[PDB]
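Undergrad: Take a look at this one; I'll ask things after.
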Amino acid sequence: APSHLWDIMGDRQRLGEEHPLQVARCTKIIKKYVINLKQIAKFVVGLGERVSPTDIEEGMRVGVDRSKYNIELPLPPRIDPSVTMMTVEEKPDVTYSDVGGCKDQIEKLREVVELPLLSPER
Amino acid sequence: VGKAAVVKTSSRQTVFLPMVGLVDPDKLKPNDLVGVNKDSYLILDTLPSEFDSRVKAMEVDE
């Protein structure tokens, strides 16, 4: 059912010659951008159509077109590691009141961690 | 003999081309990264005062 609504855009978001982009990283910036590919190949191009001159930064992954290389959209850096994506947890089951006792070792951790996050102006 | 230049692309392809007037033989040196045309394989560009790159970690602070 949800696939039928996305097939209408299939005449644009699919058959277009833009989307087949080659991802790479710009090694050198001259304000001419030296960009190194994943195949151990480099080239030099300029800005794109919607590309802003201040968006491209030194040492950032920048996707380019597959046929005629041109900067199209920037991408966040450090795309290689897949390991740290699973290190972030969500909603731990242990709550704040699960630690037994009134011991002051609890008060020391909340003031050095929870306090500056909740009340940074204190 | 004549003046010419032997270039090697980053794709490991060795191409022979004659000396182009855009560059000079005294300015050219071995182990130099310059540009070439994708079709005709001729040097249209000079060296932008840097060879290779900074690779990964480089710290430049004012």
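FYI, nothing fancy with the structure tokens labels: chains A, B, ... in order, residues from 1 per chain, ligands from 1 as they appear.
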Report the closest atom pair, with its distance in Å rounded to one decimal, for each residue of range 8-98 of chain A that has an atom no farther than 7 Å from range 6-24 of chain B; count only C-alpha atoms, sort by chain and then rising residue number, and write it as CSV.

TA:
residue,atom,partner,partner_atom,distance
A:40,CA,B:10,CA,6.5
A:41,CA,B:10,CA,5.1
A:42,CA,B:10,CA,7.0

Undergrad: Please produce a file of the residues just selected, as a PDB file, in the first residue's frame, where the atoms kept are N, CA, C and O atoms.

TA:
ATOM      1  N   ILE A  40      41.142   5.595  -5.355  1.00  0.00           N
ATOM      2  CA  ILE A  40      42.454   6.233  -5.397  1.00  0.00           C
ATOM      3  C   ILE A  40      42.542   6.997  -6.713  1.00  0.00           C
ATOM      4  O   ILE A  40      43.304   6.638  -7.617  1.00  0.00           O
ATOM      5  N   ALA A  41      41.718   8.034  -6.834  1.00  0.00           N
ATOM      6  CA  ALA A  41      41.735   8.931  -7.977  1.00  0.00           C
ATOM      7  C   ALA A  41      41.293  10.304  -7.499  1.00  0.00           C
ATOM      8  O   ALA A  41      40.418  10.414  -6.636  1.00  0.00           O
ATOM      9  N   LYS A  42      41.901  11.347  -8.056  1.00  0.00           N
ATOM     10  CA  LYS A  42      41.618  12.711  -7.646  1.00  0.00           C
ATOM     11  C   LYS A  42      41.252  13.559  -8.857  1.00  0.00           C
ATOM     12  O   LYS A  42      41.544  13.208 -10.004  1.00  0.00           O
TER      13      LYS A  42
END

Undergrad: Please, which residues of chain B lie no more than 8 Å from chain A when the count uses only C-alpha atoms, and can they be set out as an NGL selection string?

TA: :B and (10-11 or 35 or 53-56)

Undergrad: Could you pull the residues within 10 Å of residue 51 in chain B, counting only C-alpha atoms, minus those fewer than 6 positions along the same chain, as a short mmCIF file (atom, residue, chain, number, x, y, z; two decimals) with C-alpha atoms, in the first residue's frame?

TA:
data_model
loop_
_atom_site.label_atom_id
_atom_site.label_comp_id
_atom_site.auth_asym_id
_atom_site.auth_seq_id
_atom_site.Cartn_x
_atom_site.Cartn_y
_atom_site.Cartn_z
CA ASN B 31 57.31 13.47 -9.02
CA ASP B 32 54.86 16.28 -9.71
CA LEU B 33 51.06 16.08 -9.65
CA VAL B 34 49.35 18.11 -12.39
#

Undergrad: One decimal, in Å: what's the spacing between CA of residue 121 in chain A and CA of residue 103 in chain A?

TA: 26.9 Å

Undergrad: Run DSSP on the backbone and tell me which residues of chain A come out as helix (DSSP H, G or I); list them as number ranges by chain.

TA: A: 2-6, 9-11, 96-98, 105-118

Undergrad: Applying 10 Å and only C-alpha atoms, which residues near range 6-19 of chain A remain after dropping the ones on its own chain fewer than 6 positions away? List them as a list in words.

TA: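 Using only C-alpha atoms, the neighbours found are residues 64, 65, 66, 67 and 72 of chain A.
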
Undergrad: In Å, rounded to a single decimal, give me how far CA of residue 71 in chain A is from CA of residue 47 in chain A.

TA: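 Separating CA of residue 47 in chain A from CA of residue 71 in chain A is a distance of 5.8 Å.
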
Undergrad: So that I can see what lies close to range 49-53 of chain A, please list as JSON, numbers by chain the residues with an atom at most 10 Å from it, counting only C-alpha atoms and leaving out residues fewer than 2 positions away in the same chain.

TA: {"A": [31, 46, 47, 55, 56, 57, 70, 71, 72, 73, 74]}
